[PDB]
Amino acid sequence: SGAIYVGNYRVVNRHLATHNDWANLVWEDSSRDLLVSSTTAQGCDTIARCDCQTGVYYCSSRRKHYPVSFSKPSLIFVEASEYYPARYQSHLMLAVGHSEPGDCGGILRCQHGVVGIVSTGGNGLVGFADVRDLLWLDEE
Ligand SMILES: Cn1nc(C(=O)NCCc2cocn2)c2ccccc21
Ligand SMILES: [Zn+2]
């Protein structure tokens, strides 16, 4: 589990969005596993605007914060889960790290702010859905 809170926006894994998030839907993309909903209160998270490939992510399955190098976002074939059939996921960044399904929503951060959230993993990899291209998140 986990969310990004910036202005009056909540960013979650699409597969972990609630009844309430769909009712308050701003924007979603199945191929990115991203959903954004409106909030009452103002969030305190800053979105990174950069092309950083180094950072730190939270791993709930280890209660630890791991420093990693990650690839630039791309279209990547991802195997089936509970939530999606085997498919191509877009805007996905991979790193060498431990992850399990419940680690989804863990935040990846660089010196500039929040980069993305855990979405994919296994075989010693972790996949992050990038949010740095969603410039509209910093306004309105
Ligand atoms: C970080 N992590 N996430 C999942 C997962 O099932 N994601 C569901 C969402 C999804 C995206 O594309 C297909 N399914 C996973 C599975 C084994 C090990 C680590 C893992
Ligand atoms: Zn950065």
# chains A, B, ... in the order shown; residues from 1 in each chain; ligands from 1
$ select_by_dssp --residues "chain A" --states "alpha helix (DSSP H)" --output "PyMOL selection string"
chain A and resi 19-23
$ residues_around --residues "residue 83 in chain A" --least-positions-apart "4" --cutoff "10 Å" --atoms "only C-alpha atoms" --output "ChimeraX atom specification"
/A:14-16,33
$ closest_atom_pairs --of "chain A" --to "ligand 2" --cutoff "7 Å" --atoms "only C-alpha atoms and all ligand atoms" --output "tab-separated table"
residue	atom	partner	partner_atom_place_in_ligand_line	distance
A:48	CA	ligand 2	1 (Zn)	5.5
A:49	CA	ligand 2	1 (Zn)	6.4
A:50	CA	ligand 2	1 (Zn)	4.6
A:51	CA	ligand 2	1 (Zn)	6.1
A:52	CA	ligand 2	1 (Zn)	4.3
A:110	CA	ligand 2	1 (Zn)	4.6
A:111	CA	ligand 2	1 (Zn)	5.2
A:112	CA	ligand 2	1 (Zn)	4.2
A:113	CA	ligand 2	1 (Zn)	6.5
$ residues_around --residues "range 90-105 of chain A" --least-positions-apart "5" --cutoff "8 Å" --atoms "only C-alpha atoms" --output "ChimeraX atom specification"
/A:1-3,12-13,31-32,59-61,66,68-76,117-122,124-130
$ write_last_selection --atoms "N, CA and C atoms" --output "mmCIF file, in the first residue's frame"
data_model
loop_
_atom_site.group_PDB
_atom_site.id
_atom_site.type_symbol
_atom_site.label_atom_id
_atom_site.label_comp_id
_atom_site.auth_asym_id
_atom_site.auth_seq_id
_atom_site.Cartn_x
_atom_site.Cartn_y
_atom_site.Cartn_z
ATOM 1 N N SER A 1 0.860 -1.212 0.000
ATOM 2 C CA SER A 1 0.000 0.000 0.000
ATOM 3 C C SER A 1 0.881 1.240 0.000
ATOM 4 N N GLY A 2 0.324 2.382 -0.439
ATOM 5 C CA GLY A 2 0.963 3.718 -0.358
ATOM 6 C C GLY A 2 0.439 4.673 -1.420
ATOM 7 N N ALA A 3 0.518 5.971 -1.152
ATOM 8 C CA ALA A 3 -0.026 7.042 -2.013
ATOM 9 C C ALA A 3 0.932 8.232 -1.990
ATOM 10 N N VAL A 12 -2.311 6.826 -6.565
ATOM 11 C CA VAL A 12 -2.262 5.420 -6.067
ATOM 12 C C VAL A 12 -1.981 4.484 -7.241
ATOM 13 N N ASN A 13 -1.576 3.260 -6.918
ATOM 14 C CA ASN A 13 -1.652 2.128 -7.884
ATOM 15 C C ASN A 13 -3.108 2.011 -8.331
ATOM 16 N N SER A 31 -2.551 0.787 -18.558
ATOM 17 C CA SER A 31 -1.217 0.399 -19.076
ATOM 18 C C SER A 31 -0.090 0.983 -18.204
ATOM 19 N N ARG A 32 -0.350 1.998 -17.370
ATOM 20 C CA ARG A 32 0.645 2.624 -16.461
ATOM 21 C C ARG A 32 0.440 2.139 -15.016
ATOM 22 N N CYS A 59 10.563 -0.371 1.071
ATOM 23 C CA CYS A 59 10.201 -1.804 0.899
ATOM 24 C C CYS A 59 9.493 -2.264 2.174
ATOM 25 N N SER A 60 8.157 -2.283 2.181
ATOM 26 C CA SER A 60 7.370 -2.613 3.397
ATOM 27 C C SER A 60 7.704 -4.048 3.825
ATOM 28 N N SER A 61 7.889 -4.958 2.861
ATOM 29 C CA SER A 61 8.230 -6.386 3.123
ATOM 30 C C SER A 61 9.601 -6.544 3.820
ATOM 31 N N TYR A 66 16.029 1.356 0.609
ATOM 32 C CA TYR A 66 17.153 0.822 -0.189
ATOM 33 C C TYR A 66 17.541 1.828 -1.261
ATOM 34 N N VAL A 68 19.083 2.742 -4.821
ATOM 35 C CA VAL A 68 19.063 1.978 -6.109
ATOM 36 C C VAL A 68 19.404 2.908 -7.280
ATOM 37 N N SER A 69 19.969 2.299 -8.324
ATOM 38 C CA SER A 69 19.968 2.811 -9.720
ATOM 39 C C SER A 69 18.772 2.212 -10.467
ATOM 40 N N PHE A 70 18.107 2.978 -11.322
ATOM 41 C CA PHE A 70 16.918 2.491 -12.068
ATOM 42 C C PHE A 70 17.011 2.983 -13.509
ATOM 43 N N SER A 71 16.375 2.258 -14.415
ATOM 44 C CA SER A 71 16.320 2.572 -15.855
ATOM 45 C C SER A 71 15.357 3.745 -16.085
ATOM 46 N N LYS A 72 15.506 4.433 -17.211
ATOM 47 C CA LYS A 72 14.558 5.493 -17.633
ATOM 48 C C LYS A 72 13.246 4.840 -18.035
ATOM 49 N N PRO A 73 12.100 5.523 -17.837
ATOM 50 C CA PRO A 73 10.802 4.900 -18.077
ATOM 51 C C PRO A 73 10.641 4.398 -19.526
ATOM 52 N N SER A 74 10.049 3.215 -19.695
ATOM 53 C CA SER A 74 9.892 2.555 -21.018
ATOM 54 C C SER A 74 8.701 1.601 -21.016
ATOM 55 N N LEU A 75 8.384 1.101 -22.201
ATOM 56 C CA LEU A 75 7.350 0.080 -22.449
ATOM 57 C C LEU A 75 8.029 -1.266 -22.201
ATOM 58 N N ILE A 76 7.489 -2.045 -21.258
ATOM 59 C CA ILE A 76 8.108 -3.300 -20.729
ATOM 60 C C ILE A 76 7.028 -4.382 -20.642
ATOM 61 N N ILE A 117 6.138 5.095 -7.889
ATOM 62 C CA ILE A 117 5.637 4.137 -6.862
ATOM 63 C C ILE A 117 5.865 2.701 -7.352
ATOM 64 N N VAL A 118 6.253 1.783 -6.449
ATOM 65 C CA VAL A 118 6.357 0.317 -6.726
ATOM 66 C C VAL A 118 5.059 -0.158 -7.387
ATOM 67 N N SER A 119 5.184 -0.864 -8.518
ATOM 68 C CA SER A 119 4.061 -1.422 -9.313
ATOM 69 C C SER A 119 4.299 -2.895 -9.707
ATOM 70 N N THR A 120 5.533 -3.291 -10.043
ATOM 71 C CA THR A 120 5.898 -4.649 -10.561
ATOM 72 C C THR A 120 7.089 -5.201 -9.772
ATOM 73 N N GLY A 121 7.407 -6.488 -9.927
ATOM 74 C CA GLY A 121 8.597 -7.094 -9.296
ATOM 75 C C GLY A 121 8.697 -8.607 -9.410
ATOM 76 N N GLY A 122 9.730 -9.154 -8.755
ATOM 77 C CA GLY A 122 10.078 -10.585 -8.657
ATOM 78 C C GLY A 122 11.401 -10.866 -9.349
ATOM 79 N N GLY A 124 14.295 -10.872 -8.246
ATOM 80 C CA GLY A 124 15.254 -9.854 -7.761
ATOM 81 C C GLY A 124 15.114 -8.479 -8.424
ATOM 82 N N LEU A 125 14.010 -8.181 -9.105
ATOM 83 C CA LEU A 125 13.742 -6.848 -9.710
ATOM 84 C C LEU A 125 12.607 -6.130 -8.962
ATOM 85 N N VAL A 126 12.565 -4.810 -9.082
ATOM 86 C CA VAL A 126 11.397 -4.008 -8.640
ATOM 87 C C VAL A 126 11.079 -3.004 -9.753
ATOM 88 N N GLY A 127 9.797 -2.882 -10.097
ATOM 89 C CA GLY A 127 9.337 -1.921 -11.118
ATOM 90 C C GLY A 127 8.586 -0.773 -10.496
ATOM 91 N N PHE A 128 8.874 0.450 -10.928
ATOM 92 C CA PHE A 128 8.243 1.712 -10.448
ATOM 93 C C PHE A 128 7.483 2.335 -11.615
ATOM 94 N N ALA A 129 6.246 2.774 -11.379
ATOM 95 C CA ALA A 129 5.470 3.604 -12.319
ATOM 96 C C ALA A 129 5.951 5.041 -12.149
ATOM 97 N N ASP A 130 6.569 5.636 -13.170
ATOM 98 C CA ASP A 130 7.057 7.044 -13.139
ATOM 99 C C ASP A 130 5.873 8.001 -13.019
#
$ closest_residue --among "A:109, A:138, A:5, A:82" --to "ligand 1" --atoms "only C-alpha atoms and all ligand atoms"
A:82
